[PDB]
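This document starts with two versions of one protein chain, written out as structure tokens and named structure 1 and structure 2.
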Structure 1
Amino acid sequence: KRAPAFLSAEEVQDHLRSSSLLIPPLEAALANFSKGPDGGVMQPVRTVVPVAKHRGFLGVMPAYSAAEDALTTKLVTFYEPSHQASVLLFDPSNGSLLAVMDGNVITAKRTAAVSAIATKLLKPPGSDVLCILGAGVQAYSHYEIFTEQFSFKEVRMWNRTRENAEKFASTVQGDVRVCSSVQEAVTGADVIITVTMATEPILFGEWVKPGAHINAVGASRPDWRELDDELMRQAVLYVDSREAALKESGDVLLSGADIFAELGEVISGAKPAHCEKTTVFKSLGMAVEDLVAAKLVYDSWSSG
């Protein structure tokens, strides 16, 4: 038995600079995962252990991928540096723990990448306007990859605290139009990203342009929601994992919306991408996404 490598957030960052290297293996993983028993992924739905005394939670997210031949576990905490994560990478041939690495950078990057994959498939024709609700870590990681991958004529932002949206707009490279309400930000928007910690709906279907695509990334708890019933039930609903969406997403559970497809099914050709219709991609994240990122990082680090 020997000690694992430790890779800091900076070291992870140094080995995850290129979305063109992250997107392809994510697409493959989503597809393989959605094949279920016809693929090679073993991923139990995330386990959450409450830490009631301190208003905290520990998420446990193991996965094995036969196709990548990779074995990982992400451990994530949230306390009401509030979000923290670590990823463990094992030698799949003998179980040895090879690496413990920061999970924060990975969470930022793989989440944004999965949203970008969904948007490539689901954005309507004439997607000129992007709208981001929220101004935190995920707002930044999404903005980064979306402006790399796509060309929008306008990017808009609303945030609960306007000052933080204005800081965002000052910090990032391109022009961001800070809006005074959600309604203003989303009216006329073709692609929407919701990356907030809202617990009750902030985005109402009445305001959404027919055909818009929404990446619904927040409200990551079964009692929490970012979207109203009109939007959840009017939109064609795509998810990352059916099992996770029906356990963890308040938007899905409380609206009672039918799930049309997993993103992986669209990628593999099993289900259609109805980009012309108003679409919601409800994202929860899942262990195999962390596995893909951790493997990329580890392979890059270990090869020099």
Structure 2
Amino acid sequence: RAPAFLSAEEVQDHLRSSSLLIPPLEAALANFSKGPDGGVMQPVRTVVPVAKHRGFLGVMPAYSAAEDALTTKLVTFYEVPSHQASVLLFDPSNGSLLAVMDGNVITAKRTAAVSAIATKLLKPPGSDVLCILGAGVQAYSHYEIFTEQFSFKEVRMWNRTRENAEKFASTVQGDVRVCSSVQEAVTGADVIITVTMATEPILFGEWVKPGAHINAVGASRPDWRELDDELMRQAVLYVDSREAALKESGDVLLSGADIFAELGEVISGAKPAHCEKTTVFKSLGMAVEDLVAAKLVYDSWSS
């Protein structure tokens, strides 16, 4: 019995709303951070660079006992969407390949879903203003769930090329104030989302409102950065994975910042959410997050 293939449109049908992903992801992150008592086996992501094409192949395997599912997501990103992904789903009991599915929409919706979880815990009292840095796939996915989950009075956006932000602004529903600089976009912003593939810092702490929350999603490479030192050093730093951040996050590696806690620890109440101080959630993506989503799809697909 050959494995089933699930198209991008097959997946989204059996995926449904991005915020429906939230409670299972909350469980996955907590289980992960619980370590040996959490049932999650997840080594740090293996990345092989394709220098000849300025690209990378990410391989993210995971087993999760609670979901009893065995997965591997393979993602290529190059500096045809920039990010291409496929998820493999195995029978954890015998090991046969069950399904090969398009991983792009899972990646987009799950990443947005995790940022929202961290945002819900860490956004300051009186979070009226949201700012989005970037205008790619993740920006759309984050915009959809953040306007769904939260109630911002104003949304700002900056992109490297202003045309794509204005395009973004006119495509999405609801008003978007396109700003020509990051300084303008984040000034007075209570929640900031950085979803660019920049490699040198675009976000400087001096522009950041005291107590603001930052979701740093991009710069998933040891030599890449989105944030400067002042922000990385002065803010309370949360990550999805401590082992992954110390190996793959240039924002963490180069700044020399102390990781305060893993987001899963907070979810379980093992660590506090300092919503009143300036916070940074540095997200690098974890295989267990993909696991949960792909498991939801196949199970739906099977019924």
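Take the two forms, find the largest set of C-alpha atoms that superpose within 1.5 Å, and that set is the rigid core. Residues that one form lacks are left out of the comparison. Numbers given to residues start at 1 and step along the sequence of structure 1.
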Original post:
Which listed residue (259, 246, 51, 66) has a Cα shift of at least 2 Å between the two structures, rigid core superposed?
Top reply: 51
**OP:** Using a rigid core alignment, state whether the CA of residue 21 is displaced by 2 Å or more between the two structures.
**Re:** yes
Original post:
residue 39: how far does its C-alpha move between the two structures, core aligned, in angstrom?
Top reply: 1.3
Subject >> Angstrom shift of the Cα atom of residue 144 between the two structures (superposition on rigid core) >> reply: 0.3
**OP:** Give the consecutive runs of 3+ residues, present in both forms, in which every C-alpha shifts by 2 Å or more between the two structures after rigid core superposition.
**Re:** 19-21, 50-56
